[PDB]
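Only one chain is included here, represented as structure tokens and corresponding to the form deposited in one PDB entry.
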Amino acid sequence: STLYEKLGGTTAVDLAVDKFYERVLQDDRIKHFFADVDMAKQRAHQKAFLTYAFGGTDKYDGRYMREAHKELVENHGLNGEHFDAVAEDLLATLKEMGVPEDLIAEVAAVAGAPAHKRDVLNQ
């Protein structure tokens, strides 16, 4: 039911979040969206993205998502291409960790949920 059950406990979740953070950090498509934020904050974001994706959606109200990403949309040019890149990066990380493909699809449908994409992009 929770993230730690899905992935096999606290080490495993740390592994997932660290790998995801590392991949986004190296991704020239999206790294500039975090340029005005420190490294702990960037990590906390990848944790939040992953947590959401695994189905702790309820922590993140769409109204809060709209507001949280508004400056990205208005000031950094955030668009659907960038959105898809973060989601892609998560799935690549999970695949590298050995996460079963059925779990990967579950999380991909949540991470790329049209309602969430609309909120994040302020559409």
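Only residues modelled in both forms are compared. Definition used throughout: the rigid core is the maximal C-alpha set that superposes within 1.5 Å between two forms. Numbers follow the displayed sequence, beginning with 1.
For the pair 45-53 and 94-102, the mean Cα B-factor is higher in 94-102. The mean C-alpha temperature factor is higher for 54-62 when 78-86 and 54-62 are set side by side. As recorded in the entry, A108 carries the highest CA temperature factor of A115, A16, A108, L25. Sorting the modelled residues of the chain by their CA temperature factor places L121 in the middle third.
Missing here is the form deposited in another entry; even so, the following discussion is about that form.
If you fit the rigid core between this form and the one not shown, you'll see the Cα of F33 move by less than 2 angstroms. Taking 2 Å as the criterion, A44 counts as shifted between this form and the one not shown: its C-alpha moves by at least this amount when the rigid core is aligned. Once you line up the core between this form and the one not shown, the Cα of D61 ends up 2 Å or more from where it was. Here's the thing about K59 and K31: their CA atoms end up at least 3 Å farther apart in the other entry than they are in this form. CA of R63 to CA of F34: closer by 3 Å or more in the other entry than in the shown form. Comparing the forms between this form and the one not shown on their core, residues 1-15, 41-63 form runs of at least three in a row where every Cα shifts 2 Å or more.
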